[PDB]
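One structure is given below, encoded as structure tokens.
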Amino acid sequence: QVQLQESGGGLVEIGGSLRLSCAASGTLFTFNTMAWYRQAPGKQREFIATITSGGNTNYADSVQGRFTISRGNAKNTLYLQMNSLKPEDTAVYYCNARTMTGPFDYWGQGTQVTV
Amino acid sequence: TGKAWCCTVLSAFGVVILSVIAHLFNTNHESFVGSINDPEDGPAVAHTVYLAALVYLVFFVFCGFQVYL
Amino acid sequence: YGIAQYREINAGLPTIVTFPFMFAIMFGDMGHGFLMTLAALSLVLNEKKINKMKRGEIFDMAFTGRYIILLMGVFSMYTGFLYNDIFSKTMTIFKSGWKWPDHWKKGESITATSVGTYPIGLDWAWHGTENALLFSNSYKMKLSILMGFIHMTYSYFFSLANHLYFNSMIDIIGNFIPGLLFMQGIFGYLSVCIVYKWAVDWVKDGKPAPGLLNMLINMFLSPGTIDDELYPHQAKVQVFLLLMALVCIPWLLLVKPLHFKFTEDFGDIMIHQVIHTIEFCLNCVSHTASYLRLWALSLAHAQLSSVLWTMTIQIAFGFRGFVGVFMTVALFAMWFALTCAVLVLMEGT
Amino acid sequence: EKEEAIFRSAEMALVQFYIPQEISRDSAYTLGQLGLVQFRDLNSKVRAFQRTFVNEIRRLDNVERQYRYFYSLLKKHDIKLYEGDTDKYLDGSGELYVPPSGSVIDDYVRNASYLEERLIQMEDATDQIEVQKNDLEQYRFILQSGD
Amino acid sequence: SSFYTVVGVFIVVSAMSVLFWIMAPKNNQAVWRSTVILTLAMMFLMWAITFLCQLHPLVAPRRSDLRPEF
Amino acid sequence: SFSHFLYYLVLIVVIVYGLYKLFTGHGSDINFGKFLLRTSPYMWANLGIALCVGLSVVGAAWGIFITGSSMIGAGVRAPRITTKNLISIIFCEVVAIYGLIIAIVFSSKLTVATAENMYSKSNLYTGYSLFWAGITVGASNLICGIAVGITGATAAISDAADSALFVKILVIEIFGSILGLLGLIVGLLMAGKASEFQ
Amino acid sequence: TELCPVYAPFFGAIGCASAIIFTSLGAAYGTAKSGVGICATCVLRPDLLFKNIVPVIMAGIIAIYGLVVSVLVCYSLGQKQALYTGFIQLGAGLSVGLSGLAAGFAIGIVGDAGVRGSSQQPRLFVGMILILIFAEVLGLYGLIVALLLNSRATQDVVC
Amino acid sequence: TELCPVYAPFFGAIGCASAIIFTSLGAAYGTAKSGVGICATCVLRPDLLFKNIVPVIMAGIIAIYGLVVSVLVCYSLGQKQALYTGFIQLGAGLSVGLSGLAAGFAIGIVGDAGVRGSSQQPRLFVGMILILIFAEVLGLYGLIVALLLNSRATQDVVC
């Protein structure tokens, strides 16, 4: 069985920088796609960023140039780093890992951040 | 007579090998409880392995006498 | 194998150490090495008694070999220690030269960073490592070739010791010297390369690590061309060594027959020399290749050991209570029986 | 002083023996007791039955035939011969000892011939009785059969 | 540690051997002088090769199953 | 025999199917090129590596039992045979070493390609290259093992008659064993220029 | 289109199975040929029976090579896997199986002759053992290639 | 493409039937060859029939290996199942099935020859049993592979 865990969450000072870390275990292959999502109270989930196995990156316009997404040295490890934070960024954040075809689409439990 | 020797030496190796393995489990040695797939509890395993060593100790002294006489 | 010629070098002395050692380098494991050593000790200490009684057909063969079994036993311990393997488990004697990350999560993949070099044998950080085979096979195959080259080089020099003792100079000038240059010019060069490549920090110095198979093949099938540079002036040396190897062929083929021609029996000398020439040259590659067996036998021996433990001991730790005790006691007997019967008697043979 | 003949072969010497015929047999026993010299064949050209000691060889060869026959008679029964006394003449040490006298060898020849003559008649006379014993046993089995 | 380790060991083990060559016992001299000298030589080489192989490794160990407590 | 009947049945149905597709105007349906252009190159490469050692081992094993059975039979009244004639077994066994060696070299080529480049020019070339390179080494080694074996059995039978003959017959085994090298050399040449899967 | 189609496990399953099947057939033939040889010669020479079983245990060894590869391959099977992992472990199955098959046939044929000859030329036994072991490794060379390919089966695979 | 197509059970049914079919052919041949040997020799020596019957019993056991695998596979069949389960339990079917066939041929030949010879050399009987055990385990190896594959057929499967 596959599973994922976030880490690095918590409250932070206004304008402060922060990093979120994520990992996935229990599968032999490298995931084609891995991504981050967020959800503030009273709203649906919002897309933030995604990165391919080839290192291609894509971002939401709201965090363009503010957030950066990257993969770690070892297989199926992921990072997100935000250089400054504001109240409109406060939410719970999720990891997502996907396969190029089929139902194999995994989601993490999530972690909170607030100003 | 030869009938007793094999059971003697097999037991003799049993005593030392099982007890050494038991000690490493009781010590939580990395090569025995380090993996995600290794058993979850060192001393719990050590106890049962240690009892298995005692079983072979009984057979050793039993056969050691039968080959001595 | 045969009766030696009158007062030629006796093969017995080199055999005393190299036979059991070339066995040990394959049969490398402190566990199986110990069991074999103990067996021989029980046999040699009683030799006064065993020598006097009547013996069975197979047992007499064993008793005749008591010292050679003992000697190959103790060597098996030493090389087993360098392989850092006892009954398919590693020994954490010294501090490792690899350091793992400072944090990670349950089941997260990780990669180590180097801190130094282990003092004796393989570093135990490699155990259970999911890419271990790629290091072990790199290490053992190069060890196999180096041992083979040194063993052949050492043996070949006894040929010189015979030619000098019988005061036969034409054998020196006709056979030994051309053979030496041909043998060392190719496979001595290859040996120097692989031991040289270990001494260069390719990652720090920012140059790509060259491929040893490529340069060996291209040295013949595309001379004077290089994919990745191993050292300065490499192209000049490679073409020279190729030419040195080639000129030795007619040198080896002709000079001794011609010497006899200058003093139709000369026809037999001619036929013998060409047969010797063609055999020697193709045997040079064929024999050097055959030493890969040292690695193959070792890798097979290691895997059988690992699977046997995984199938017949690792099970026992999954149980508790008096059923667990009974399962443990039964499984050990199975493990020891298979270990002794197959992994010592059959693999050892 | 002796050389350590393990790195190369021991140095060998060729030596001729001239022995008077009177001392010949006695001397050759000593050289056998020495266990040290390897002889050449000086006359390989002459045919096997033309060599000079052929008659002597035949004489002992006939005795060995008879000893094989006696050993067969023992093995035919449960009887077992006396083991041992392997070391009575030599410990393998090469100490000099005196060989049997010619009259002793003659006695072995005479004795062996005498024993064959006796045992041949004795054995043949025996199995004639065994046949009759076997025949009557079979005959009786029929009469003991039921009506 | 660096390559100067193996040449350092080579010198001492070689020096140890040539001392034994002249000091060897006189009984069964050729057997002693052969087996001791050649066993040291062959025994040294495997250590040298195994140590030298680990000065500058091109690939690092990786694994996925390791308890963070280890 | 029944197997020949199957061959002719299969031949006939293939002909009929081809003629049928041709006349109805669908001759382009049976498109061998598109099959060859669309199957995964990992199949060709792994199938080549497997058959390379597989067929080489068959050759060596076949050579050994040809030689060994005759050598043992000849040895019954001439046990001196057994120790000198071993060389014929050696020439058979080395044929397996060449198969193993090529498997070492080719195995390095089996990297994993990204999906965007799976069926590109370079990856397809490597796939076909490794397949046929494996076959020639395997097939040549299979043939070589038989020829050396048959000669080895002949040598053992002859040696038992007169020791002087063995040295003269041994020459023929050398000529036979050269076919192993030539198979290896051509194998390395036709594979040497291929690149690992990108 | 996709690297991990639904049928990819088929090559793994048949690769895993064929490893033991072909090796088992080889070991069976090796046991059968030599077994009749032992029964044939021991009628007159029962004392050397236990010296002559060696071809049988050597044939038995080959089957174990098939088992360990099959076990090592089996642990790699999964529902979602690339064609890369599919074919590479098919290659492992074929190479060990086709190798063990050949080794079994050779051990049977030469062991049959060796057991008969050894009954009346006692020096001939060592000749038999030397030849048989050079037949045994022909199975081992298959095992090594299988291990090499299997070591690579899940390395760096994206799916 | 679907993970669970409608034809997936087909490979299950073939695997289930194949496990018992091939194993029965192996056991049948082992019984036949041994039976002829027993009947041929016990005419003159009837007192030892119940000792010589072992090869028939040994061949009979092989059929049991096929039965248990066939039953264990059978109870995993369903209308809706992943194609991966189909291939896995096809492999389980073939591996035991054709290993049983191989072991059956081995037991038949050495069983006949051993029984034929034992009737005039009493010391040979222990040799026959010793060889037959090596033939027997060739079936057991097939069973172990089949049970390993079968255990893997349904864990961590999505549909």
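Results, tabulated for the structure shown:
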{"read-out": "Selected residue (only one of C:322, C:326, C:332 is surrounded by 19 or more Cβ atoms within 10 Å (Cβ to Cβ), among the hydrophobic types (A, V, I, L, M, F, W, C) and assigned to a helix (DSSP H, G or I))", "value": "C:332"}
{"read-out": "Where a residue in segment C:334-349 is within 10 Å of chain B (Cβ to nearest Cβ) and its partner, wherever it lies, is part of a helix (DSSP H, G or I) and of a type outside the set (S, T, N, Q), with Cβ under 7 Å and at least six apart", "value": "C:335/C:308; C:336/B:10; C:336/B:13; C:339/C:308; C:340/C:35"}
{"read-out": "Residues of segment B:45-67 that turn out to be touching a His at 6+ places or on another chain (Cβ under 9 Å) and either surrounded by fewer than 14 Cβ atoms within 10 Å (Cβ to Cβ) or over 11 Å from residue C:329 (Cα atoms) (or both), as a count", "value": "1"}
{"read-out": "Segment C:28-51, residues that are farther than 23 Å from residue E:34 by Cβ and among the hydrophobic types (A, V, I, L, M, F, W, C)", "value": "C:30, C:34, C:35, C:36, C:38, C:39, C:41, C:43, C:45, C:50"}
{"read-out": "Residue among C:154, C:78 that is assigned to a helix (DSSP H, G or I) and within 27 Å of residue D:8 (Cβ to Cβ)", "value": "C:154"}
{"read-out": "Segments classed as helices (runs of 4 or more DSSP H), wholly inside segment C:197-284, with at least 2 members that are within 14 Å of chain E (Cβ to nearest Cβ)", "value": "C:202-205"}
{"read-out": "Qualifying positions in segment F:3-37 - surrounded by fewer than 10 Cβ atoms within 10 Å (Cβ to Cβ) and closer than 30 Å to residue F:102 by Cβ", "value": "F:32, F:33, F:35"}
{"read-out": "Residues being exposed (fewer than 10 other Cβ atoms within 10 Å of the Cβ) and more than 14 Å from chain C (Cβ to nearest Cβ) - total across segment D:1-45", "value": "17"}
{"read-out": "Residue within segment C:252-266 that is closer than 15 Å to residue C:181 by Cα and out of contact with any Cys (no Cβ under 7 Å at 6 or more places or on another chain) present", "value": "yes"}
{"read-out": "Those residues of segment D:92-146 which are aromatic (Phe, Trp, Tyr) and part of a loop (DSSP other than H, G, I, E, B), in sequence order", "value": "D:97"}
{"read-out": "Residue A:26 being surrounded by fewer than 20 Cβ atoms within 10 Å (Cβ to Cβ) and under 24 Å from residue G:158 (Cα atoms)", "value": "yes"}
{"read-out": "Of the criteria (1) closer than 30 Å to residue H:157 by Cα; (2) within 9 Å of chain F (Cβ to nearest Cβ), which one residue G:107 fails", "value": "(1)"}
{"read-out": "Flag for residue C:8 being over 30 Å from residue E:29 (Cα atoms) and either over 27 Å from the mean Cα position of the chain (by Cα) or within 14 Å of chain A (Cβ to nearest Cβ) (or both)", "value": "no"}
{"read-out": "Qualifying positions in segment B:31-67 - of a type in the set (A, V, I, L, M, F, W, C) and within 8 Å of another protein chain (Cβ to nearest Cβ)", "value": "B:33, B:36, B:44, B:45, B:49, B:51, B:52, B:55"}
{"read-out": "Residue F:114 vs. criteria within 8 Å of another protein chain (Cβ to nearest Cβ), crowded, with 21+ Cβ neighbours inside 10 Å, farther than 23 Å from residue F:179 by Cα and among the β-branched types (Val, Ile, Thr)", "value": "no"}
{"read-out": "Test: residue in segment C:105-127 that is among the acidic types (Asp, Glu), away from chain A (no Cβ under 14 Å) and touching a helix residue (DSSP H, G or I) at 6+ places or on another chain (Cβ under 9 Å)", "value": "no"}
{"read-out": "Any hit, segment F:155-174, residues being surrounded by fewer than 22 Cβ atoms within 10 Å (Cβ to Cβ), within 11 Å of another protein chain (Cβ to nearest Cβ) and farther than 28 Å from residue C:280 by Cβ", "value": "no"}
{"read-out": "Residue that is nearest to the chain's Cα centre (by Cα), among those in segment A:59-111 that are in a loop (DSSP other than H, G, I, E, B) and within 13 Å of chain C (Cβ to nearest Cβ)", "value": "A:108"}
{"read-out": "Test result for residue C:176, more than 14 Å from every other protein chain (Cβ to nearest Cβ) and either farther than 25 Å from residue C:8 by Cβ or outside any helix (DSSP H, G or I) (or both)", "value": "no"}
{"read-out": "Given (1) more than 9 Å from chain H (Cβ to nearest Cβ); (2) in a helix (DSSP H, G or I); (3) among the hydrophobic types (A, V, I, L, M, F, W, C), index of the condition residue G:3 fails", "value": "(2)"}
{"read-out": "Pairs, first on the phi > 0 side of the Ramachandran plot in segment D:80-103, second surrounded by 10 or more Cβ atoms within 10 Å (Cβ to Cβ) and not in a loop (DSSP other than H, G, I, E, B), C-beta under 9 Å, six or more apart", "value": "D:94/D:33; D:94/D:34"}
{"read-out": "Checklist (1) closer than 30 Å to residue B:17 by Cβ; (2) within 11 Å of another protein chain (Cβ to nearest Cβ) applied to residue C:47, failing item", "value": "(2)"}
{"read-out": "The one condition in (1) closer than 25 Å to residue C:338 by Cβ; (2) in contact with a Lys or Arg (Cβ under 8 Å, 6 or more places away or on another chain); (3) among the small types (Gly, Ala, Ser); (4) buried (at least 17 other Cβ atoms within 10 Å of the Cβ) that residue B:34 fails to fulfil", "value": "(1)"}
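Residues are listed down the side, and each one gets a yes or a no for (1) within 14 Å of chain B (Cβ to nearest Cβ); (2) of a type outside the set (A, V, I, L, M); (3) not in a helix (DSSP H, G or I):
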| residue | (1), (2), (3) |
| --- | --- |
| E:1 | no, yes, yes |
| E:10 | no, yes, no |
| E:18 | no, no, no |
| E:32 | no, yes, no |
| E:48 | no, no, no |
| E:59 | no, no, yes |
| E:65 | yes, yes, yes |
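For neighbour counting, all protein chains shown are included, and Cβ atoms are generated from backbone atoms with ideal geometry for every residue, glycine included. Bear in mind that the values in this text are calculations on the coordinates, not laboratory data.
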